[PDB]
Amino acid sequence: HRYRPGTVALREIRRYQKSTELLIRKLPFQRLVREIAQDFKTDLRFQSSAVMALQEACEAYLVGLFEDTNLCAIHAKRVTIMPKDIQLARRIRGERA
Amino acid sequence: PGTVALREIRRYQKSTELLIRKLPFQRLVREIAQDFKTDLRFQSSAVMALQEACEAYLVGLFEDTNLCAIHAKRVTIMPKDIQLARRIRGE
Amino acid sequence: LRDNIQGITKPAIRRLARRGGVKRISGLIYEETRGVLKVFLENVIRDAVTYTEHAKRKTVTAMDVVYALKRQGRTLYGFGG
Amino acid sequence: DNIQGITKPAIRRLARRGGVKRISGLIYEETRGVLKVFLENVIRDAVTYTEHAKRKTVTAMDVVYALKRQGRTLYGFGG
Amino acid sequence: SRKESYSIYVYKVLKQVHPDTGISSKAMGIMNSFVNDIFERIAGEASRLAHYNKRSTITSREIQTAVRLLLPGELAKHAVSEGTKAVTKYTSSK
Amino acid sequence: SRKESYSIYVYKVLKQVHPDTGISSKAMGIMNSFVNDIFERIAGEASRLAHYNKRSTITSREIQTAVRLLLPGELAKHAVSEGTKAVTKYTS
Amino acid sequence: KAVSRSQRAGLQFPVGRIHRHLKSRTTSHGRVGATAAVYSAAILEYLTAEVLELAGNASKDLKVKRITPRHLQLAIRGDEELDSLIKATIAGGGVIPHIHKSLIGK
Amino acid sequence: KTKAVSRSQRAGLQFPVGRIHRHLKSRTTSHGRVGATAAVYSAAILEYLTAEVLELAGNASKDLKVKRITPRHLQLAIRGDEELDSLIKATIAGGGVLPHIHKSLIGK
DNA sequence: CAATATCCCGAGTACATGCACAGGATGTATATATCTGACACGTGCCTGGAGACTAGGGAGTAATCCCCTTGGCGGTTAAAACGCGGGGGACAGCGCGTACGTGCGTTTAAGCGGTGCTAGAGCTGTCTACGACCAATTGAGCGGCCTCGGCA
DNA sequence: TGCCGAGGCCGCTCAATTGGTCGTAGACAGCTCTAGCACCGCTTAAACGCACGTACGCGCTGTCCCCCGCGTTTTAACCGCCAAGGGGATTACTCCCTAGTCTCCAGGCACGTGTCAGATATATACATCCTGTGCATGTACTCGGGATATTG
């Protein structure tokens, strides 16, 4: 027994679109915000709840960018997302060009 | 063939005139305000300041709409492109 | 007033389109674009009339429409403010 | 490098919440680009509000005010 | 040291509209923040109608105009009614 | 009664950088709008900065921060390097 | 015996803590007393639309105590609102389910 | 009584330090506008009217005309990479548009 | 039809609510004060309306070929599942910084007195820029010269 | 052998762009306002900012063990190209409506000044609404076992 390609992708939508939990691991994202910070002011410290408000804002941005990206792929007859889709969505919202 | 339509682009991207007829646009703005209050009077510069902002919105939307038609491998713009450009923009 | 949105005549929409950099315009763009322009006018002239009503004026003035635009992220330079 | 710890399956989860079925293998290294620039733009402001007040730890209020400035408000941590 | 929040008033309103119900400590953070945000929009925007007309004093008729710029659709038509009732009760007792 | 505008200082600054050149009246209204838009954005951000830190005054630093938020790039480090000339000369 | 101005308006929210708040956002000039009674009751009245529309949610899930996966799953579902709060993410709130009609099996 | 020397000339600036101080006080500000903070603000206003006029006459020259009509703003304010970020919100009335045909719509 | 999966129901419980309590700091009262702005009243700009004319533009039609769309294809690049690997997530001690208190004194505001920076003028009065006309050049296709390949 | 049609090179001449020269009409820039209202200088009292001290919260850093991410590889269905078929988007043209200009004529009402009372600020005294704290017990959770739903 083995499902059809497609079956498990739609199973995952109905899962991660019902939970509200955080999707990136804590420590790997905590390392990233420190490295981006020390380029602007050396020997910072972060409050434990500051990095959470970064993460909860990032995930909510990424998830919104994908939701607006899929709209492009669907319009362009595909179902697969590809870089050329993100570059369109992100240009109409005025972020990058 | 297909060249005179392209010759118009090079014309209207050089001139900075207003492109909608003035009186027809002015009478539309008087119509749309009546359902907010009866018997406004419009200052002659207010009607101009609407037109200058409208044309600059419409032409920004056609710039952002064309990008969608290119994405679908087309040339021709279609309402489904305007709809996309407004939905993704957040109107 | 009668039906004055029809006064945004088809050629004028083509001029706006031509400025924006588009080659070929399907015949359904005309009736869609009037729909977009009428929705924009409503949402700005409503604010402009509320700025007017606050000041007890009857005449709508250029600063009222400029303040109306300024709050929607659509600032206009050219008429002051 | 620390940005590669935004692992491939994590991008898939984020994408799955957003509703996409099938993901080109080019989207992983491209998406990291948009996350890396987004963090860059709010940490500049958060460290600016920090340096203003002479303290040298970034607080939750600093990242709240940075996010508020750029039109990406969050209710959660202190409005 | 001590901090002021709308934490008690939202609970007091909750018990007016769903008597059996309560609200999490994680959810209070949100409500308190929504209340701050709408307050700061109304108060911050009300200053500008005072500049545009060159008036000194913030006044009911001014706030009434702020909560028909900042509120959409039918939501505005209800808030404008509700606040008018509140003023009419206050000014009948002083 | 008098109406007041920045129209003369933009003209004075034009003759600083292009001594032959001029402005049409319609193209003056643009500068006379732009220059007061950037006034308001600095005043508004400097005001909030004082409030967040529960100060009453607005010293130089309450503005240098508002410029270092509000300007996008090289313009921030230039404008900060330009304004610190002005106050350094003034305080002599 | 002191009264409270909240009772004269008929409001649950603090009419005199507002007023003192507005008096700190005010150019260099004062604020009419009849502003606090139309400032409040146009902040209450969003509560009893933000809370209140959770009738359609908390009670429907057979669970007591409003929590952050609600408000979301409502404030971004009713649509006279939404416009008031577009500018805000809800922490720990997730998103409403969808799936677009071309991704589901045909 | 030793004449007067305007705060502009003391600072080294062509923008009006006095006028701006009286504008900042009675803006939506808190109750104490220090005088050194109207000099670090005439400066970081005049600096744009250099950095944005400098390049604009820089293009009126190229079209071989003396007086800077309105489109010559647009062709800088929405062409320099930093100005395009500072002025996102601005429509320049009668300013026209920056000319461009999409590279895929030209034939051959 | 078989199988993996989601759905559903009851047990046992580590913890977060919703309450009661002490008490403190700010909302409220009672009285005095002054200046903002509501109300009345002109003067004057200009928003509006109706006429006539010229001519730019829009409307409607006819012919056509450019494009959009559907179908069928050969291939690579993803999804699924398994097996294996490393690194996230759960645990006490130091001392560095945010936070609060006390104090000095830098500096802004408020009143007053004097005059020059600045803004409504004139119809200024030139002199840029706007139409209006002109000449060169490139570009392309068609109508005239000369050698050769396939056919009698 | 031969024959003689098909094929490969040079000027005419119409149509875009580009750069060039003329001339008549507003709209910039320069004075003179000059009258005038704000910036400036000189007193002063006082609010608030800046800078020590030091108390103790909480952010950084070292220790152990599981989920999760990494690596494989088969194969399936999707992205991709391409070729063909229809009609709808364009083009060119004639007839037509009405935008644009100038012109006269009225009267709404924007605009600014003059009065004076209604309104809110500020003080002092004071009492009761809210904050921080410590507390029992009910809700919402995590788990295990079986029923229903749905995929292949």
# chains A, B, ... in the order shown; residues from 1 in each chain; ligands from 1
call {"tool": "interface_residues", "arguments": {"of": "chain A", "to": "chain H", "cutoff": "12 Å", "atoms": "only C-alpha atoms", "output": "list in words"}}
result
residues 94, 95, 96 and 97 of chain A
call {"tool": "interface_residues", "arguments": {"of": "chain E", "to": "chain D", "cutoff": "12 Å", "atoms": "only C-alpha atoms", "output": "PyMOL selection string"}}
result
chain E and resi 5-6+25-41
call {"tool": "write_last_selection", "arguments": {"atoms": "C-alpha atoms", "output": "PDB file, in the first residue's frame"}}
result
ATOM      1  CA  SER E   5      -4.273  48.725  31.294  1.00  0.00           C
ATOM      2  CA  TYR E   6      -7.865  48.188  30.126  1.00  0.00           C
ATOM      3  CA  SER E  25      -4.544  35.670  29.810  1.00  0.00           C
ATOM      4  CA  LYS E  26      -3.065  35.259  26.318  1.00  0.00           C
ATOM      5  CA  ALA E  27      -6.252  36.801  24.831  1.00  0.00           C
ATOM      6  CA  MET E  28      -6.329  39.736  27.255  1.00  0.00           C
ATOM      7  CA  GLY E  29      -2.995  40.873  25.803  1.00  0.00           C
ATOM      8  CA  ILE E  30      -4.664  41.119  22.422  1.00  0.00           C
ATOM      9  CA  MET E  31      -7.817  42.910  23.576  1.00  0.00           C
ATOM     10  CA  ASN E  32      -5.840  45.441  25.629  1.00  0.00           C
ATOM     11  CA  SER E  33      -3.703  46.050  22.474  1.00  0.00           C
ATOM     12  CA  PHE E  34      -6.665  46.428  20.111  1.00  0.00           C
ATOM     13  CA  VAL E  35      -8.150  48.968  22.539  1.00  0.00           C
ATOM     14  CA  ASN E  36      -4.868  50.913  22.725  1.00  0.00           C
ATOM     15  CA  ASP E  37      -4.495  50.882  18.905  1.00  0.00           C
ATOM     16  CA  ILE E  38      -7.989  52.225  18.136  1.00  0.00           C
ATOM     17  CA  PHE E  39      -7.557  54.803  20.911  1.00  0.00           C
ATOM     18  CA  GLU E  40      -4.264  56.086  19.501  1.00  0.00           C
ATOM     19  CA  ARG E  41      -5.734  56.276  15.966  1.00  0.00           C
TER      20      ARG E  41
END
call {"tool": "select_by_dssp", "arguments": {"residues": "segment 4-88 of chain A", "states": "alpha helix (DSSP H)", "output": "VMD selection string"}}
result
chain A and resid 7 to 16 26 to 37 50 to 75 83 to 88
call {"tool": "residues_around", "arguments": {"residues": "residue 83 of chain B", "least_positions_apart": "4", "cutoff": "12 Å", "atoms": "only C-alpha atoms (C1' of nucleotides)", "output": "PyMOL selection string"}}
result
(chain A and resi 71-72+75) or (chain B and resi 61-62+64-66+68-69+77-79+87-91) or (chain C and resi 29+32-33+35-36)
call {"tool": "write_last_selection", "arguments": {"atoms": "N, CA, C and O atoms", "output": "PDB file, in the first residue's frame"}}
result
ATOM      1  N   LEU A  71      -1.755  32.309  -5.620  1.00  0.00           N
ATOM      2  CA  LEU A  71      -2.642  33.057  -6.503  1.00  0.00           C
ATOM      3  C   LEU A  71      -2.048  33.323  -7.894  1.00  0.00           C
ATOM      4  O   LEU A  71      -2.786  33.335  -8.890  1.00  0.00           O
ATOM      5  N   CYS A  72      -0.735  33.539  -7.976  1.00  0.00           N
ATOM      6  CA  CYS A  72      -0.054  33.719  -9.246  1.00  0.00           C
ATOM      7  C   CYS A  72       0.088  32.406 -10.015  1.00  0.00           C
ATOM      8  O   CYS A  72      -0.229  32.335 -11.202  1.00  0.00           O
ATOM      9  N   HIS A  75      -3.129  31.337 -11.462  1.00  0.00           N
ATOM     10  CA  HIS A  75      -3.510  32.156 -12.608  1.00  0.00           C
ATOM     11  C   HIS A  75      -2.758  31.760 -13.874  1.00  0.00           C
ATOM     12  O   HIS A  75      -3.349  31.698 -14.952  1.00  0.00           O
TER      13      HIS A  75
ATOM     14  N   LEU B  61      -2.347  51.215 -12.168  1.00  0.00           N
ATOM     15  CA  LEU B  61      -2.972  49.909 -12.228  1.00  0.00           C
ATOM     16  C   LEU B  61      -2.692  49.238 -13.570  1.00  0.00           C
ATOM     17  O   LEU B  61      -2.499  48.040 -13.571  1.00  0.00           O
ATOM     18  N   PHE B  62      -2.719  49.932 -14.715  1.00  0.00           N
ATOM     19  CA  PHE B  62      -2.386  49.290 -15.981  1.00  0.00           C
ATOM     20  C   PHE B  62      -0.904  48.885 -16.044  1.00  0.00           C
ATOM     21  O   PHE B  62      -0.579  47.868 -16.641  1.00  0.00           O
ATOM     22  N   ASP B  64       0.835  47.807 -13.388  1.00  0.00           N
ATOM     23  CA  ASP B  64       0.861  46.596 -12.571  1.00  0.00           C
ATOM     24  C   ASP B  64       0.035  45.475 -13.182  1.00  0.00           C
ATOM     25  O   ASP B  64       0.292  44.348 -12.888  1.00  0.00           O
ATOM     26  N   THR B  65      -0.972  45.758 -14.006  1.00  0.00           N
ATOM     27  CA  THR B  65      -1.795  44.747 -14.692  1.00  0.00           C
ATOM     28  C   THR B  65      -1.058  44.066 -15.838  1.00  0.00           C
ATOM     29  O   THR B  65      -1.147  42.874 -16.023  1.00  0.00           O
ATOM     30  N   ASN B  66      -0.332  44.830 -16.632  1.00  0.00           N
ATOM     31  CA  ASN B  66       0.419  44.276 -17.735  1.00  0.00           C
ATOM     32  C   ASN B  66       1.352  43.171 -17.251  1.00  0.00           C
ATOM     33  O   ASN B  66       1.403  42.132 -17.881  1.00  0.00           O
ATOM     34  N   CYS B  68       1.048  40.932 -15.081  1.00  0.00           N
ATOM     35  CA  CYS B  68       0.303  39.689 -14.966  1.00  0.00           C
ATOM     36  C   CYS B  68       0.045  39.030 -16.320  1.00  0.00           C
ATOM     37  O   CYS B  68       0.200  37.822 -16.459  1.00  0.00           O
ATOM     38  N   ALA B  69      -0.312  39.806 -17.340  1.00  0.00           N
ATOM     39  CA  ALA B  69      -0.483  39.261 -18.672  1.00  0.00           C
ATOM     40  C   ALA B  69       0.837  38.655 -19.200  1.00  0.00           C
ATOM     41  O   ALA B  69       0.853  37.607 -19.797  1.00  0.00           O
ATOM     42  N   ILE B  77      -4.036  42.084 -22.140  1.00  0.00           N
ATOM     43  CA  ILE B  77      -4.583  42.222 -20.804  1.00  0.00           C
ATOM     44  C   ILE B  77      -6.073  41.897 -20.795  1.00  0.00           C
ATOM     45  O   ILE B  77      -6.817  42.200 -21.749  1.00  0.00           O
ATOM     46  N   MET B  78      -6.500  41.311 -19.667  1.00  0.00           N
ATOM     47  CA  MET B  78      -7.855  40.828 -19.538  1.00  0.00           C
ATOM     48  C   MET B  78      -8.352  41.095 -18.129  1.00  0.00           C
ATOM     49  O   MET B  78      -7.561  41.328 -17.225  1.00  0.00           O
ATOM     50  N   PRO B  79      -9.672  41.082 -17.899  1.00  0.00           N
ATOM     51  CA  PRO B  79     -10.172  41.415 -16.597  1.00  0.00           C
ATOM     52  C   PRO B  79      -9.571  40.505 -15.537  1.00  0.00           C
ATOM     53  O   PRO B  79      -9.487  40.957 -14.384  1.00  0.00           O
ATOM     54  N   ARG B  87      -6.510  42.045  -6.174  1.00  0.00           N
ATOM     55  CA  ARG B  87      -6.458  41.090  -5.068  1.00  0.00           C
ATOM     56  C   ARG B  87      -5.073  40.983  -4.404  1.00  0.00           C
ATOM     57  O   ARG B  87      -4.988  40.894  -3.185  1.00  0.00           O
ATOM     58  N   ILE B  88      -4.002  40.949  -5.187  1.00  0.00           N
ATOM     59  CA  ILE B  88      -2.677  40.753  -4.630  1.00  0.00           C
ATOM     60  C   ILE B  88      -2.151  42.029  -3.970  1.00  0.00           C
ATOM     61  O   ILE B  88      -1.279  41.995  -3.095  1.00  0.00           O
ATOM     62  N   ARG B  89      -2.675  43.168  -4.435  1.00  0.00           N
ATOM     63  CA  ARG B  89      -2.363  44.501  -3.931  1.00  0.00           C
ATOM     64  C   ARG B  89      -3.098  44.802  -2.628  1.00  0.00           C
ATOM     65  O   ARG B  89      -2.603  45.601  -1.822  1.00  0.00           O
ATOM     66  N   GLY B  90      -4.293  44.215  -2.472  1.00  0.00           N
ATOM     67  CA  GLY B  90      -5.066  44.305  -1.238  1.00  0.00           C
ATOM     68  C   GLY B  90      -6.191  45.340  -1.291  1.00  0.00           C
ATOM     69  O   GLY B  90      -6.592  45.866  -0.257  1.00  0.00           O
ATOM     70  N   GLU B  91      -6.723  45.610  -2.496  1.00  0.00           N
ATOM     71  CA  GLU B  91      -7.903  46.456  -2.675  1.00  0.00           C
ATOM     72  C   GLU B  91      -9.218  45.652  -2.448  1.00  0.00           C
ATOM     73  O   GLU B  91     -10.264  46.292  -2.173  1.00  0.00           O
TER      74      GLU B  91
ATOM     75  N   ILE C  29     -12.146  44.834 -20.807  1.00  0.00           N
ATOM     76  CA  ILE C  29     -11.413  45.779 -19.981  1.00  0.00           C
ATOM     77  C   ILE C  29     -12.146  47.108 -19.794  1.00  0.00           C
ATOM     78  O   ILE C  29     -12.008  47.737 -18.742  1.00  0.00           O
ATOM     79  N   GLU C  32     -14.902  46.833 -17.070  1.00  0.00           N
ATOM     80  CA  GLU C  32     -14.222  46.577 -15.806  1.00  0.00           C
ATOM     81  C   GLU C  32     -13.572  47.851 -15.277  1.00  0.00           C
ATOM     82  O   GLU C  32     -13.671  48.164 -14.094  1.00  0.00           O
ATOM     83  N   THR C  33     -12.910  48.624 -16.151  1.00  0.00           N
ATOM     84  CA  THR C  33     -12.139  49.778 -15.701  1.00  0.00           C
ATOM     85  C   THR C  33     -13.060  50.911 -15.228  1.00  0.00           C
ATOM     86  O   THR C  33     -12.724  51.606 -14.265  1.00  0.00           O
ATOM     87  N   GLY C  35     -15.734  50.312 -13.614  1.00  0.00           N
ATOM     88  CA  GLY C  35     -16.028  49.784 -12.293  1.00  0.00           C
ATOM     89  C   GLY C  35     -14.965  50.122 -11.257  1.00  0.00           C
ATOM     90  O   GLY C  35     -15.309  50.478 -10.138  1.00  0.00           O
ATOM     91  N   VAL C  36     -13.692  50.056 -11.643  1.00  0.00           N
ATOM     92  CA  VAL C  36     -12.595  50.414 -10.766  1.00  0.00           C
ATOM     93  C   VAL C  36     -12.552  51.918 -10.509  1.00  0.00           C
ATOM     94  O   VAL C  36     -12.332  52.329  -9.363  1.00  0.00           O
TER      95      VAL C  36
END
call {"tool": "closest_atom_pairs", "arguments": {"of": "chain A", "to": "chain J", "cutoff": "9 Å", "atoms": "only C-alpha atoms (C1' of nucleotides)", "output": "JSON lines"}}
result
{"residue": "A:1", "atom": "CA", "partner": "J:152", "partner_atom": "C1'", "distance": 8.3}
{"residue": "A:2", "atom": "CA", "partner": "J:152", "partner_atom": "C1'", "distance": 8.3}
{"residue": "A:3", "atom": "CA", "partner": "J:152", "partner_atom": "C1'", "distance": 7.2}
{"residue": "A:4", "atom": "CA", "partner": "J:152", "partner_atom": "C1'", "distance": 8.2}
{"residue": "A:5", "atom": "CA", "partner": "J:76", "partner_atom": "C1'", "distance": 7.4}
{"residue": "A:7", "atom": "CA", "partner": "J:151", "partner_atom": "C1'", "distance": 8.8}
{"residue": "A:45", "atom": "CA", "partner": "J:59", "partner_atom": "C1'", "distance": 7.5}
{"residue": "A:46", "atom": "CA", "partner": "J:59", "partner_atom": "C1'", "distance": 7.6}
{"residue": "A:47", "atom": "CA", "partner": "J:59", "partner_atom": "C1'", "distance": 6.9}
{"residue": "A:48", "atom": "CA", "partner": "J:59", "partner_atom": "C1'", "distance": 7.6}
{"residue": "A:78", "atom": "CA", "partner": "J:79", "partner_atom": "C1'", "distance": 8.1}
{"residue": "A:79", "atom": "CA", "partner": "J:78", "partner_atom": "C1'", "distance": 8.8}
{"residue": "A:80", "atom": "CA", "partner": "J:78", "partner_atom": "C1'", "distance": 8.5}
call {"tool": "write_last_selection", "arguments": {"atoms": "N, CA and C atoms", "output": "tab-separated table (two decimals), in the first residue's frame"}}
result
chain	number	residue	atom	x	y	z
A	1	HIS	N	0.86	-1.22	0.00
A	1	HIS	CA	0.00	0.00	0.00
A	1	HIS	C	0.88	1.25	0.00
A	2	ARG	N	0.47	2.21	-0.84
A	2	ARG	CA	1.08	3.51	-0.99
A	2	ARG	C	0.10	4.43	-1.74
A	3	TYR	N	-0.09	5.63	-1.19
A	3	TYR	CA	-1.04	6.62	-1.68
A	3	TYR	C	-0.61	7.16	-3.05
A	4	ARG	N	-1.45	8.00	-3.65
A	4	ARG	CA	-1.07	8.70	-4.87
A	4	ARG	C	-0.35	10.01	-4.54
A	5	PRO	N	0.76	10.41	-5.24
A	5	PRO	CA	1.27	11.80	-5.23
A	5	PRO	C	0.20	12.87	-5.39
A	7	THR	N	-1.97	13.16	-2.59
A	7	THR	CA	-2.83	12.77	-1.48
A	7	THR	C	-2.29	13.38	-0.18
A	45	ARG	N	22.25	42.45	23.64
A	45	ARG	CA	21.53	41.43	24.39
A	45	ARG	C	20.08	41.49	23.93
A	46	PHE	N	19.39	40.33	23.88
A	46	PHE	CA	17.96	40.36	23.63
A	46	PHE	C	17.17	39.89	24.86
A	47	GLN	N	16.06	40.56	25.18
A	47	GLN	CA	15.06	40.00	26.07
A	47	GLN	C	14.44	38.75	25.43
A	48	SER	N	14.18	37.74	26.27
A	48	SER	CA	13.63	36.46	25.83
A	48	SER	C	12.33	36.59	25.02
A	78	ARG	N	-0.45	26.71	-13.85
A	78	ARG	CA	0.24	25.71	-13.02
A	78	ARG	C	-0.44	25.44	-11.67
A	79	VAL	N	0.05	24.45	-10.93
A	79	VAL	CA	-0.24	24.28	-9.52
A	79	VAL	C	1.05	24.37	-8.71
A	80	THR	N	2.20	24.09	-9.34
A	80	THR	CA	3.50	24.19	-8.70
A	80	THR	C	3.93	25.65	-8.55
call {"tool": "residues_around", "arguments": {"residues": "residue 148 of chain J", "least_positions_apart": "2", "cutoff": "10 Å", "atoms": "only C-alpha atoms (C1' of nucleotides)", "output": "PyMOL selection string"}}
result
(chain I and resi 6-8) or (chain J and resi 146)
call {"tool": "closest_atom_pairs", "arguments": {"of": "chain B", "to": "chain H", "cutoff": "12 Å", "atoms": "only C-alpha atoms", "output": "tab-separated table"}}
result
residue	atom	partner	partner_atom	distance
B:1	CA	H:107	CA	10.5
B:2	CA	H:107	CA	9.1
B:3	CA	H:107	CA	9.1
B:5	CA	H:105	CA	10.9
B:6	CA	H:106	CA	8.2
B:7	CA	H:101	CA	10.6
B:8	CA	H:101	CA	11.0
B:9	CA	H:101	CA	7.5
B:10	CA	H:99	CA	7.8
B:11	CA	H:99	CA	9.8
B:12	CA	H:99	CA	9.0
B:13	CA	H:99	CA	5.3
B:14	CA	H:99	CA	7.0
B:15	CA	H:96	CA	6.8
B:16	CA	H:96	CA	4.2
B:17	CA	H:94	CA	7.0
B:18	CA	H:94	CA	7.9
B:19	CA	H:96	CA	11.0
B:48	CA	H:93	CA	9.9
B:49	CA	H:93	CA	8.3
B:50	CA	H:93	CA	10.6
B:51	CA	H:93	CA	9.8
B:52	CA	H:93	CA	6.1
B:53	CA	H:91	CA	7.3
B:54	CA	H:91	CA	10.5
B:55	CA	H:96	CA	10.2
B:56	CA	H:91	CA	7.1
B:57	CA	H:91	CA	9.2
B:59	CA	H:97	CA	9.2
B:60	CA	H:97	CA	9.7
B:63	CA	H:102	CA	10.0
B:64	CA	H:102	CA	11.9
B:66	CA	H:102	CA	9.1
B:67	CA	H:102	CA	9.0
B:69	CA	H:105	CA	11.1
B:70	CA	H:104	CA	8.0
B:71	CA	H:104	CA	10.9
B:73	CA	H:104	CA	9.8
B:74	CA	H:105	CA	9.9
B:75	CA	H:105	CA	7.2
B:76	CA	H:105	CA	10.3
call {"tool": "interface_residues", "arguments": {"of": "chain E", "to": "chain G", "cutoff": "8 Å", "atoms": "only C-alpha atoms", "output": "number ranges by chain"}}
result
E: 9-10, 12-14, 17-18, 21-24, 26-27, 30, 35, 38-39, 43-44, 47, 56-60, 63-64, 67, 70-75, 79-80, 82-84, 86-91, 93-94
call {"tool": "closest_atom_pairs", "arguments": {"of": "chain F", "to": "segment 23-40 of chain J", "cutoff": "12 Å", "atoms": "only C-alpha atoms (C1' of nucleotides)", "output": "tab-separated table"}}
result
residue	atom	partner	partner_atom	distance
F:1	CA	J:37	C1'	10.7
F:2	CA	J:37	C1'	9.5
F:4	CA	J:37	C1'	11.8
F:11	CA	J:29	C1'	11.3
F:21	CA	J:28	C1'	11.4
F:22	CA	J:28	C1'	8.5
F:23	CA	J:28	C1'	8.3
F:24	CA	J:28	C1'	7.2
F:25	CA	J:28	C1'	8.1
F:26	CA	J:27	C1'	10.9
F:28	CA	J:28	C1'	11.8
call {"tool": "residues_around", "arguments": {"residues": "residue 43 of chain D", "least_positions_apart": "5", "cutoff": "12 Å", "atoms": "only C-alpha atoms (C1' of nucleotides)", "output": "ChimeraX atom specification"}}
result
/A:32-41,44,46,50-51,53-54,58 /D:36-38,48-51,58-60,62-67,69-70 /F:69
call {"tool": "select_by_dssp", "arguments": {"residues": "segment 3-81 of chain C", "states": "strand (DSSP E or B)", "output": "ChimeraX atom specification"}}
result
/C:24-25,59-60,76-77
call {"tool": "interface_residues", "arguments": {"of": "chain C", "to": "chain J", "cutoff": "8 Å", "atoms": "only C-alpha atoms (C1' of nucleotides)", "output": "list in words"}}
result
residues 24, 25, 26 and 27 of chain C
call {"tool": "write_last_selection", "arguments": {"atoms": "N, CA, C and O atoms", "output": "PDB file, in the first residue's frame"}}
result
ATOM      1  N   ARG C  24      -2.258  45.098 -26.139  1.00  0.00           N
ATOM      2  CA  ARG C  24      -3.562  44.660 -26.632  1.00  0.00           C
ATOM      3  C   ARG C  24      -4.584  44.517 -25.499  1.00  0.00           C
ATOM      4  O   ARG C  24      -4.369  43.871 -24.510  1.00  0.00           O
ATOM      5  N   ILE C  25      -5.761  45.083 -25.678  1.00  0.00           N
ATOM      6  CA  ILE C  25      -6.736  45.296 -24.627  1.00  0.00           C
ATOM      7  C   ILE C  25      -7.996  44.521 -25.010  1.00  0.00           C
ATOM      8  O   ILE C  25      -8.763  45.029 -25.876  1.00  0.00           O
ATOM      9  N   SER C  26      -8.300  43.417 -24.306  1.00  0.00           N
ATOM     10  CA  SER C  26      -9.583  42.742 -24.556  1.00  0.00           C
ATOM     11  C   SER C  26     -10.812  43.632 -24.311  1.00  0.00           C
ATOM     12  O   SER C  26     -10.829  44.373 -23.359  1.00  0.00           O
ATOM     13  N   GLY C  27     -11.890  43.487 -25.092  1.00  0.00           N
ATOM     14  CA  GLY C  27     -13.107  44.300 -25.006  1.00  0.00           C
ATOM     15  C   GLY C  27     -13.845  44.348 -23.651  1.00  0.00           C
ATOM     16  O   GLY C  27     -14.711  45.190 -23.429  1.00  0.00           O
TER      17      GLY C  27
END
call {"tool": "interface_residues", "arguments": {"of": "chain I", "to": "chain G", "cutoff": "10 Å", "atoms": "only C-alpha atoms (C1' of nucleotides)", "output": "ChimeraX atom specification"}}
result
/I:17,26-29
call {"tool": "residues_around", "arguments": {"residues": "residue 43 of chain J", "least_positions_apart": "3", "cutoff": "12 Å", "atoms": "only C-alpha atoms (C1' of nucleotides)", "output": "list in words"}}
result
residues 110, 111, 112 and 113 of chain I
call {"tool": "decode", "arguments": {"residues": "segment 59-65 of chain E", "atoms": "N, CA and C atoms", "output": "PDB file, in the first residue's frame"}}
result
ATOM      1  N   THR E  59     -13.114  68.398  20.871  1.00  0.00           N
ATOM      2  CA  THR E  59     -14.528  68.600  21.207  1.00  0.00           C
ATOM      3  C   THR E  59     -15.317  67.366  20.745  1.00  0.00           C
ATOM      4  N   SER E  60     -16.482  67.092  21.311  1.00  0.00           N
ATOM      5  CA  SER E  60     -17.294  66.017  20.808  1.00  0.00           C
ATOM      6  C   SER E  60     -17.452  66.063  19.280  1.00  0.00           C
ATOM      7  N   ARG E  61     -17.939  67.154  18.659  1.00  0.00           N
ATOM      8  CA  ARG E  61     -18.241  67.178  17.225  1.00  0.00           C
ATOM      9  C   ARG E  61     -16.995  66.881  16.367  1.00  0.00           C
ATOM     10  N   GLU E  62     -15.839  67.128  16.961  1.00  0.00           N
ATOM     11  CA  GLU E  62     -14.607  66.781  16.298  1.00  0.00           C
ATOM     12  C   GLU E  62     -14.446  65.248  16.386  1.00  0.00           C
ATOM     13  N   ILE E  63     -14.518  64.616  17.571  1.00  0.00           N
ATOM     14  CA  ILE E  63     -14.319  63.182  17.700  1.00  0.00           C
ATOM     15  C   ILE E  63     -15.317  62.475  16.808  1.00  0.00           C
ATOM     16  N   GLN E  64     -16.566  62.938  16.746  1.00  0.00           N
ATOM     17  CA  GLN E  64     -17.592  62.341  15.902  1.00  0.00           C
ATOM     18  C   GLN E  64     -17.101  62.263  14.465  1.00  0.00           C
ATOM     19  N   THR E  65     -16.315  63.239  14.017  1.00  0.00           N
ATOM     20  CA  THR E  65     -15.853  63.218  12.639  1.00  0.00           C
ATOM     21  C   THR E  65     -14.673  62.254  12.469  1.00  0.00           C
TER      22      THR E  65
END
